[PDB]
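Taken together, the values in this text are just the output of simple stated rules run on the coordinates, not laboratory data. Positions of Cβ are backbone-derived with ideal geometry, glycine not excepted, and every protein chain shown enters the neighbour counts.
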Amino acid sequence: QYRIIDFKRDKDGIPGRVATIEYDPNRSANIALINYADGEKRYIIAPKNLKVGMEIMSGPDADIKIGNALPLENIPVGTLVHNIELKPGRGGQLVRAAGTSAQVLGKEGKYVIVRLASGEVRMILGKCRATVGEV
Amino acid sequence: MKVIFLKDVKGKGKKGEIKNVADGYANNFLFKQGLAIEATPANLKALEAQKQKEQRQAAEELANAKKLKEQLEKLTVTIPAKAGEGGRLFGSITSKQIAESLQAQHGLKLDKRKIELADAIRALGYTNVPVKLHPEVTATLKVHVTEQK
């Protein structure tokens with residue numbers, strides 16, 4: 001019964017609650033069920049240390065909390081991130097749910113420099129989103 | 001043969017680059033690729049008219065940018081915003097907000113592309129933003145970011 005994971009995190013403004021956190025053998029990672037304030041339900045890869053009960057939000061006004069998803073430009077330098085988007089509104093294509101969360105190193109103009117766990121460094125457009133936390 | 005160049009000149013010589021081209025060749029190549037046209041006394045006067053209107057327009061525009069620059073320099077846009085950390089904002093005030101508050105409060109509809117903001121305003125206070133109303137007309141827009149909530 002392989003579940004549907006939300007790698008888009010586009011329910012901006014609408015608060016959600018970590019309903020549960022379970023393992024997904026098809027993803028060799030944990031996933032969480034999120035119940036949103038509007039009735040919608042969605043699964044997400046559960047960052048490290050995310051617990052049942054905590055709130056989740058996405059978008060420019062989101063709080064900088066593990067599990068929250070925001071455009072790279074709205075994220076504090078030094079924060080660890082995963083499920084990094086390469087193209088605004090195309091969902092995350094980098095660190096989706098396996099590996100090691102990258103890290104914001106600097107913000108320049110319309111770019112956000114990020115160092116992948118491989119020491120690799122990339123300057124992604126701030127418009128691209130990423131989830132706070134360790135995968 | 002005199003000819004009215006429609007295209008291939010300094011970009012588009014369609015303004016009215018009237019040059020005497022070799023007859024035949026003209027009507028065999030230029031006239032063929034729509035590059036030039038017969039310098040008939042009708043399509044010559046008809047050209048004059050377009051150049052005359054293009055010249056009037058360019059002047060209206062300049063005159064408008066100039067009056068518009070006067071209206072702007074008397075205003076003060078007021079954008080309230082959530083701040084905390086020593087006046088520091090939670091988000092950033094950019095060209096679209098500024099453009100919007102300008103329309104909403106002053107009745108001016110300006111393209112945000114003209115608001116020459118560099119780095120997005122991320123702090124409470126006053127900021128003089130340049131506005132490029134025209135190639136040779138820039139005005140100073142005073143923007144005022146106030147703490148809300």
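Data table
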quantity: Out-of-range pairs (alpha-carbon distance over 31 Å; input A:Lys65/A:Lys87; B:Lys10/B:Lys142; B:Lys15/B:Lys74); calculated: B:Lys10/B:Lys142; B:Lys15/B:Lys74
quantity: Max mean-square fluctuation residue, GNM over chain A, Cα-Cα springs under 10 Å, options A:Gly99, A:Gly59, A:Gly119; calculated: A:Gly119
quantity: Length added when fully stretched, B:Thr138-B:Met1, from 0.36 nm per residue minus Cα-Cα; calculated: 44.7 nm
quantity: Trypsin sites (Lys or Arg not before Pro) restricted to DSSP loop in segment B:31-60 with at most 16 other C-beta within 10 Å; calculated: B:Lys32
quantity: In nm, spacing of pseudo-spin labels at A:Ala98 and B:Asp119 (7 Å Cα→C-beta vector); calculated: 4.1 nm
quantity: Relative contact order of chain B, defined on C-alpha pairs under 8 angstrom at six or more residues apart (%); calculated: 21 percent
quantity: Relative contact order %, segment B:1-59, counting alpha carbon pairs below 8 Å whose residues are six or more apart; calculated: 36 percent
quantity: FRET efficiency, 1/(1 + (r/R0)^6) with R0 25 Å, evaluated for B:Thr127 and B:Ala104 via beta carbons; calculated: 0.85
quantity: Cβ-Cβ FRET estimate between A:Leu86 and A:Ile64, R0 fixed at 22 Å, reported to 0.05; calculated: 0.55
quantity: Principal-axis tilt of helix B:95-106 within chain B, Cα atoms, nearest 10 degrees; calculated: 80 degrees
quantity: Partners for B:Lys82 among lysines (Cα-Cα distance below 18 Å; same-chain residues under 8 apart left out); calculated: B:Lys96, B:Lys149
quantity: Mean Cα-pair separation over length for chain A, i.e. relative contact order, pairs under 8 Å, 6 or more apart, %; calculated: 23 percent
quantity: Loop-resident sites, segment B:16-115, for GluC sites (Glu not before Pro), counting at most 14 other Cβ within 10 Å (DSSP); calculated: B:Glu73
quantity: Principal-axis tilt of helix B:41-72 within chain B, Cα atoms, nearest 10 degrees; calculated: 10 degrees
quantity: Only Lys, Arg (+1) and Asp, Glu (-1) charged, at Cβ; the protein assembly as shown dipole about Cα centre in debye; calculated: 540 debye
quantity: Choice from B:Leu44, B:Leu62, B:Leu72 showing the highest fluctuation, given a GNM over chain B with Cα pairs closer than 10 Å; calculated: B:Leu44
quantity: Gaussian network model of chain A, springs between alpha carbon atoms under 10 Å - residue of A:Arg17, A:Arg27, A:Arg96 with greatest fluctuation; calculated: A:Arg27
quantity: Net charge over other residues, Cβ less than 13 angstrom from the Cβ of B:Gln33 (K, R count +1; D, E count -1); calculated: +1
